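Notes follow the structure.
For the numbers below, each heavy atom of this structure counts, side chains included, while hydrogens, waters and symmetry mates do not. First the proteins, then the strands, lettered A, B, ... as listed; each starts at 1.
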2 protein chains.
Amino acid sequence: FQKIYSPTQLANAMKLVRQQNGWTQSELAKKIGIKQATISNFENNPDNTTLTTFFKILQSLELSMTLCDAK
Amino acid sequence: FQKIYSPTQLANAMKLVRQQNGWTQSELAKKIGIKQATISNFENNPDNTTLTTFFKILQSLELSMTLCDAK
DNA sequence: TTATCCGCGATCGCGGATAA
DNA sequence: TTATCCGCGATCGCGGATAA
């Protein structure tokens, strides 16, 4: 897990985790009660995605996050 | 830096960093080109804040973030 | 200093869908 | 399977502000 500085880097990181684990967008969406469409718009167009969507998808990916220094 | 699971925990964590360093919302807003109002709505009502706003404020706080396991 | 207001255009996530 | 569509109500971040 590298340091992440932008919505695009975040979405790329989380899509990679989804794919590495062989999960579909629909599977994740169902587990957390949002639309598959919403996961798709996040992976491809994350700039205006809400923090709520972000934290729900984190949960579905079995992830959390932490702050750290920009170094 | 603890693991964070929700927009509310994230906003509380970042407000604390802002305050511990003695920064005003206006100072941060100016450094990154957003409204002070936007920083205020994030600290108090983060659920629908955009990822963009989040990453810009991170920069102004000299922070980055990383993913990690939900444990 | 910060929470809060107006009016605005833009985009969210929603329900409900589809192609191939 | 996923990117993408419609129509919708809600909220974003914007410029520009204010109280105390």
Next on the checklist: Strictly distance-based, threshold 3.5 Å: is any side-chain N or O of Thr50(A) a donor or acceptor partner for the main-chain N or O of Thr49(B)?
Outcome noted: no

Going by torsion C1'-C2'-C3'-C4' being positive (north) or negative (south), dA10(D) has its sugar south

When pairs are called at under 3.5 Å and a stem needs at least three consecutive Watson-Crick or G-U pairs, the stems of DNA chain D are C:1-20 with D:1-20

Contact check, residues 41-57 of chain B vs DNA chain D, heavy-atom distance under 4.0 Å, returns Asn45(B), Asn48(B), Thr49(B), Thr50(B), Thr53(B)

Indicate if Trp23(B) and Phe42(B) have the same hydrophobic cluster label, given that clusters are the connected sets of ILVMFWY residues with side-chain heavy-atom separations under 4.5 angstrom.
yes

| message | Main chain of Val17(A), side chain of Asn21(A): is a donor-acceptor contact present, judged purely on distance under 3.5 Å? | response | yes

- prompt: Do we see a donor-acceptor contact under 3.5 Å between the side chains of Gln9(A) and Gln2(A)?
  reply: no

Within residues 20-39 of chain A, the residues having a heavy atom closer than 4.0 Å to DNA chain D are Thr24(A), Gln25(A), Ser26(A), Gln36(A), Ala37(A)

*Does atom NZ of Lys3(A) have more than 12 heavy-atom neighbours from other groups under 6.0 Å away?*
yes

CG of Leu10(A) to CE of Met65(B), rounded to nearest 0.5 Å, is 5.0 Å

Taking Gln36(B)'s backbone N and O only, do any of them form a donor-acceptor pair with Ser26(B)'s side chain (distance below 3.5 Å, no angle check)? no

Residues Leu51(B) and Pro46(A): closest non-hydrogen pair is CD1-O, 3.3 Å

dist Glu62(B):CD -> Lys31(B):NZ (nearest 0.5 Å) comes out at 5.5 Å

Notebook entry, point to check: If only side-chain N and O atoms of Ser40(A) are considered, is one of them under 4.0 Å from the OP1 or OP2 phosphate oxygen of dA3(D)?
Noted result: yes

Quick check: do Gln59(A) and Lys56(A) have side-chain heavy atoms less than 4.5 Å from each other?
no

